[PDB]
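Protein chains in written order, with our numbering: chain A, 1 to 125; chain B, 1001 to 1167; chain C, 2001 to 2167; chain D, 3001 to 3049; chain E, 4001 to 4107; chain F, 5001 to 5049.
All C-beta atoms, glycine included, are put in the ideal place defined by N, C-alpha and C.
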Amino acid sequence: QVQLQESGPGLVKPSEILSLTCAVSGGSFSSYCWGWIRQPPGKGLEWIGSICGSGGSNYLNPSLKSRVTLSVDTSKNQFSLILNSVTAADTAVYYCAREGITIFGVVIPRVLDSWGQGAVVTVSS
Amino acid sequence: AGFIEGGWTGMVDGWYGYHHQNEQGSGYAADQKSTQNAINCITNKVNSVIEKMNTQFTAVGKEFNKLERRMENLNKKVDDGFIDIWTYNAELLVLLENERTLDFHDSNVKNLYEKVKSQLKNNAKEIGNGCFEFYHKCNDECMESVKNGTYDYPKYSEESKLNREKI
Amino acid sequence: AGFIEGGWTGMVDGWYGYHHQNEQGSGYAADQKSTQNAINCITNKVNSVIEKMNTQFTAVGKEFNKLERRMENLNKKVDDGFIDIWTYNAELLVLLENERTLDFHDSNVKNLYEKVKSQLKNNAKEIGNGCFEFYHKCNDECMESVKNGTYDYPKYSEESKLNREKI
Amino acid sequence: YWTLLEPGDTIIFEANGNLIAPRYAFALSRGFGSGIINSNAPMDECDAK
Amino acid sequence: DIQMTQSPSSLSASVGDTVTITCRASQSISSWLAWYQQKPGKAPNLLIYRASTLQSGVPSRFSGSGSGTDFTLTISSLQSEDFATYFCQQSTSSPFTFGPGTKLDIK
Amino acid sequence: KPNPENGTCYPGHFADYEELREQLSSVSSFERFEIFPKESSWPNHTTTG
Ligand SMILES: *[C@@H]1O[C@H](CO)[C@@H](O[C@@H]2O[C@H](CO)[C@@H](O[C@@H]3O[C@H](CO)[C@@H](O)[C@H](O)[C@@H]3O)[C@H](O)[C@H]2NC(C)=O)[C@H](O)[C@H]1NC(C)=O
Ligand SMILES: *[C@@H]1O[C@H](CO)[C@@H](O)[C@H](O)[C@H]1NC(C)=O
Ligand SMILES: *[C@@H]1O[C@H](CO)[C@@H](O)[C@H](O)[C@H]1NC(C)=O
Ligand SMILES: *[C@@H]1O[C@H](CO)[C@@H](O)[C@H](O)[C@H]1NC(C)=O
């Protein structure tokens, strides 16, 4: 079982770089994809983007394609989210999770099993 | 980096995928629809090989005295016949199904190659190693439209013709 | 329409056919040669599975008393063995054949499509729905020659080239 | 020697000697299969089909 | 792209009852579905993958089935820990949208 | 066991060994009772063998 820990600033002004760093213990960036899930307060989940392998496969949401860039570095063993031009609608509870489930040697796309405990962030004055 | 050259190891998202090269970015990708069809198909085949088998409560071990030698010989004969038929059927079946699995996978690769070639008939030069080098320069929306299946000839026709004239 | 889009119900003459659109008239058609060859084959395949089964006068039910419990157990075991091997092999056989017959039909469709493309060459533009559209004006004789395989390319190459220059 | 009796049947023993009398009898139900096996392996409380 | 709907929106049941939750999809997604339950303020966990199989570490009381545009999840005995909300997810194409969510409550 | 240590206390032959083994290979309900009383049924016999 992998342990996921995420660190966030906890507060963000309008319209600058919003960056959170998620760290994993007991696992490596090998043969498992990694993705970001956010939920608005009282609304359903949605998928921002996913990285897989070590920078090889990058998948982004079509609505947030220009806004989010995913970066990885196996030597420090974290994956991070970079978000520019943050808005008030981006207030969410950021979850980082592992694409750990697999069938017949393929990693099923976007089916998540183990997540982090959550890092809250609000966009306000 | 072509299918005739070998197999990629970076991508694990699907069995089948595309590698895109662009000024904006460079990375791998995967065809969820093609892979999903194939994963479902292989799952159904394996389940049918294991599930169609239904065992019943049978006792194999039998005991006979010295007087009932014909019964012991008959039991040995029927057990040997059952195990020989089962071995032959299972081994020939699994060999044929392995060959079908490899053939079906190769056919999927060739179908994907012919689909992308029919979409890029003359807009992109064909290397022959499994690589389609675009004459016309186009960004990431162009390549994902090639993945989407919505690529159009007349939008980049004139630039491609000019690039043929240059080379 | 198109074969990737679906299957027509209007054509009852044969499993595979053509739809010609023209100013003087439009209607459905069938390629008898291909359909007829296919029927004889599956007729043999269906006949082979049913006919090869051979039978001899047989009594299955056997009766034994309490003092012959081992025998009745042996008879039950051997009957269960025959019915199990028969159901398993047959269920796998029908499944494999059903896949092959369906694939054979499509392989035939793909083989037919190419024959038309080769005969037409570049004179037409492939709409990609499985339909070829003629640049040159083509009367009923050249559609039936496409059906016949006797379509001649240099006769209409000039008109097709001029229509390529117009478009 | 042994024999099996259906319900509603009566067995009769008649002798003037050399008879080993049945002290106990066994009432049983019929299980169709599951023949005897021969092993020295340890027993375990797990269920395997 | 593939729009997701859920029914019923809200359901209430007691301990030991049988509850069926039917998430429905705009276009055929074949047999690919993910079911998640979310405790309030906690991380959601996987329940059902491929609409017919159980992920290890999940109690066997949960069961899922269905094909085509309609799917169901059936719970045999509903305990106290199973009263959290549930979600339905499709996995065939981008964007991988989620269900609106169905809340469970006591009586 | 492969070789039973206590197959029989007194030497002799068993009629229909394999038939009895197949009949007793599975019994769902098995009980032991007395077909005859040990001492009441035999007044004139010793029953002390
Ligand atoms: C049940 O089986 C056990 C294990 O075989 C028997 O215990 C022992 O069996 C052996 C084999 O017969 C006995 O050895 C014998 O000892 C006598 C002593 O004079 C010797 O003359 C023989 O040549 C043979 O070696 C051994 O005594 C015996 N142990 C005891 C009785 O404590 C056991 O007898 C069997 N019981 C029944 C009811 O069959
Ligand atoms: C991808 O294709 C679908 C269906 O053909 C279409 O609705 C969608 O707009 C396309 N996406 C892009 C970015 O063109
Ligand atoms: C059709 O083809 C056959 C054989 O090639 C030929 O004899 C016949 O004349 C053709 N029919 C027409 C109308 O050209
Ligand atoms: C025992 O012997 C007495 C005296 O001969 C006789 O009356 C009685 O019937 C005998 N009982 C049996 C069971 O033979």
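Cβ contact annotation for B:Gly1017 (same chain, cutoff 7 angstroms, sequence separation greater than five): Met1011, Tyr1028, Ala1029, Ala1030, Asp1031, in chain order. Contact note: B:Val1078 reaches chain C through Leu2074, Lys2077, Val2078, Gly2081, using a C-beta cutoff of 9 angstroms and chain order. Here B:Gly1014 is buried. Its C-beta has 16 or more other C-beta atoms within 10 Å.
With respect to the C-alpha of E:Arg4061, the residue from E:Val4019, E:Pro4008, E:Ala4013 having the closest C-alpha is E:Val4019. In this structure, the C-beta of B:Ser1048 stays at least 7 angstroms away from each heavy atom of ligand 3.
At a beta-carbon threshold of 8 angstroms, the residues of chain B lying near E:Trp4032 are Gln1036, ordered along the chain. When the Cα atoms are used, C:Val2094 and B:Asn1111 turn out to be separated by approximately 27 angstroms.
Taking the beta carbon of B:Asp1152 as reference, no residue of chain A falls within 9 angstroms; the closest one sits roughly 19 angstroms away. From the beta-carbon of C:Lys2066, the residues of chain D found nearer than 8 angstroms are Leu3004. Beta-carbon to beta-carbon, E:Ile4002 and E:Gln4090 are separated by about 5 angstroms, close enough to satisfy the 8 angstroms threshold.
Per the C-alpha coordinates, the member of A:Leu70, A:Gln3, A:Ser30 positioned closest to A:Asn58 is A:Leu70. Distance check between A:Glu16 and each of A:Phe79, A:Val68, A:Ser7 places A:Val68 closest, using alpha-carbon atoms only.
Within the same chain, Cβ atoms closer than 8 angstroms to the Cβ of C:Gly2025 are found at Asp2140, the five residues on either side in sequence being excluded. For B:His1020, the three-state secondary structure derived from DSSP is strand. Close partners of D:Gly3033 in chain B (Cβ separation under 7 angstroms): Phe1057, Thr1058, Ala1059.
For A:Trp47, the neighbours in chain E by C-beta distance under 7 angstroms run, in chain order, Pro4095, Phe4096. Contact with chain B is found for A:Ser31, since one of that chain's Cβ atoms lies less than 8 angstroms from the residue's Cβ.
Looking from the CA of B:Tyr1135, the closest CA among B:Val1049, B:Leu1120, B:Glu1063 belongs to B:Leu1120.
Around the beta-carbon of F:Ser5025, 16 or more other beta-carbon atoms lie within 10 Å, marking it buried. Annotated three-state conformation of E:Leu4104 is strand, per DSSP.
Here A:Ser50 is not near A:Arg98, since their CB atoms are 8 angstroms or more apart. The alpha-carbon separation between B:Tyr1156 and B:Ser1034 amounts to approximately 27 angstroms. CA-CA distance, C:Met2053 to C:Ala2090, rounds to 11 angstroms. Under the 8 angstroms Cβ criterion, the stretch 3030-3045 of chain D counts as touching the stretch 5018-5033 of chain F, having at least three qualifying pairs. Looking only at D:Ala3041, D:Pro3007, D:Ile3020, D:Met3043, the smallest Cα-Cα distance to F:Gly5012 is reached by D:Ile3020. Two segments are said to touch when three or more pairs of C-beta atoms, one from each, lie closer than 8 angstroms; by this definition the stretch 4057-4077 of chain E touches the stretch 4026-4034 of chain E. Taking CB atoms only, B:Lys1033 has no neighbour in chain D less than 8 angstroms away. DSSP places C:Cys2142 in the uninterrupted alpha helix (DSSP H) bounded by 2140-2148. Between ligand 1 and F:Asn5006, a heavy atom-to-CB distance of less than 7 angstroms is present. 8 angstroms or more divides the Cβ of F:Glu5019 from the Cβ of D:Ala3027. In the structure shown, B:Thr1101 falls within a helical segment according to DSSP collapsed to helix, strand and coil.
One residue after another in chain order, those with a Cβ under 6 angstroms from a heavy atom of ligand 2 are B:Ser1145, B:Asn1148, B:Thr1150.
With the criterion set as a beta carbon lying under 7 angstroms from some beta carbon of chain B, the members of the stretch 4063-4092 of chain E are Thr4092, in sequence order. By the criterion of a C-beta distance shorter than 6 angstroms, A:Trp115 is surrounded in its chain by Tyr95, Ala97, once the five residues flanking it on both sides are discounted.
At a beta-carbon threshold of 7 angstroms, the residues of chain E lying near A:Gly118 are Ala4043, ordered along the chain. With respect to the 8 angstroms criterion, C:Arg2100 and F:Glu5022 are not classified as neighbours on the basis of their beta carbons.
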